[PDB]
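The same protein chain appears twice below, in two forms, each given on its own as structure tokens and labelled structure 1 and structure 2.
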Structure 1
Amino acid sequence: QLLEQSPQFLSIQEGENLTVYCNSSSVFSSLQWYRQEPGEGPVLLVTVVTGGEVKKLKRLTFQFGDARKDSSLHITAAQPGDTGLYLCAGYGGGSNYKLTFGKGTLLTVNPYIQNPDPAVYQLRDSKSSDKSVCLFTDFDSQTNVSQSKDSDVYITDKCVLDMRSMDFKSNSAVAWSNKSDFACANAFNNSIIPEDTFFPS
């Protein structure tokens, strides 16, 4: 009644291949793979029943070991649309008819950024000049945005937007606070960012 999936989290660059794993100590009647987008129902990818089978669905390859306890999911040439939670679930096993999920591999496939221009900008409230946010933007895909150690400072994770008419993508993260010390120069200091990150006055 326990399925371990590794890795728990996986960030991959567009175009790389990758493998995620599902191992249990229980013997199941079948193992079943799903992909889930956030707050949406999981969608079935495939079921494996026969020890040792290999199922290929386009760039996705599923394997079920001969001993029937291990399964892997391999993806060729990862695309940003592959992003999602990849779930394995075990059905049955001779005692009962439960269908038990592992905790998934949350796969994030980061898009190639052609021309990074890392920068931190200050933006002011349309209604209230004295209220502002800091925007870290245009950093490359491998940049990792960390949380603050100050609980008075909120920092989002990075998000990619696509300006379709300009065929342009860009990453950004947002930080905000109430404190007096809060300057956009320092907002993202818990992150390891490029030395050439642009800080306007």
Structure 2
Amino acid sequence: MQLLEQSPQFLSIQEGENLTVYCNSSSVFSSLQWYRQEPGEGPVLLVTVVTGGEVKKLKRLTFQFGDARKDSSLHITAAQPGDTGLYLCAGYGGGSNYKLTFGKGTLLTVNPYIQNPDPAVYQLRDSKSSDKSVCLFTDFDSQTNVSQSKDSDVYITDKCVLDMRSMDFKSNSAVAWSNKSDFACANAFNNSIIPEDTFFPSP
């Protein structure tokens, strides 16, 4: 057990879901701090909780300090793409007035809510500037995962994450590509990866 245990380490949620993430210790803290960190940025302080048992609200975010001052939770109502990021809890533990210890964080991914999944693989037209044939897997449910792979000539991407600032056309996709002649979109996006009822329209 670490001085500060954050759970869960990774969280993938859909737009409009509520969520709670936890910061737990066997040590009593005089105060706990929450930071948010975005890619290409330093952590930014959100709030500090100081009074045992207290709640602090920062818009859609609610922070609770446990009564025994060994715990803190961060609750988000109606998750938005803008909520995506790393949530760190920190405190002066292990004999420190000046040195903060940072928990490992919850890395929050906010995925689109897809009411009517319509999973499909589209063969794209070649680019004049590349020798690659590209296949677009799109319109799948946010509970469907695609993990990156290289299997000989065939590359598949991890499924993409919404631009944090996206306010429309929020959908799931992964791509596959190969430079081999006669590349088949069905080769890359096979039954181990995609839903069985995935649609394969001809060009």
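By convention here, residues take numbers in order along the sequence of structure 1, the first being 1. Rigid core here is just the name for the largest C-alpha set that superposes within 1.5 Å across the two forms.
- For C184, the Cα coordinates differ by 2 angstroms or more between the two structures after the core has been superposed.
- Relative to the superposed core, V109 undergoes a C-alpha shift smaller than 2 Å between the two structures.
- Once you line up the core between the two structures, the Cα of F62 stays within less than 2 Å of where it was.
- Its Cα shifted by 6.7 Å between the two structures, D162 is reported here after superposition on the rigid core.
- At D152, the distance the Cα travels between the two structures is 8.7 Å after the core is superposed.
- For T143, the Cα deviation between the two structures after core superposition amounts to 2.0 Å.
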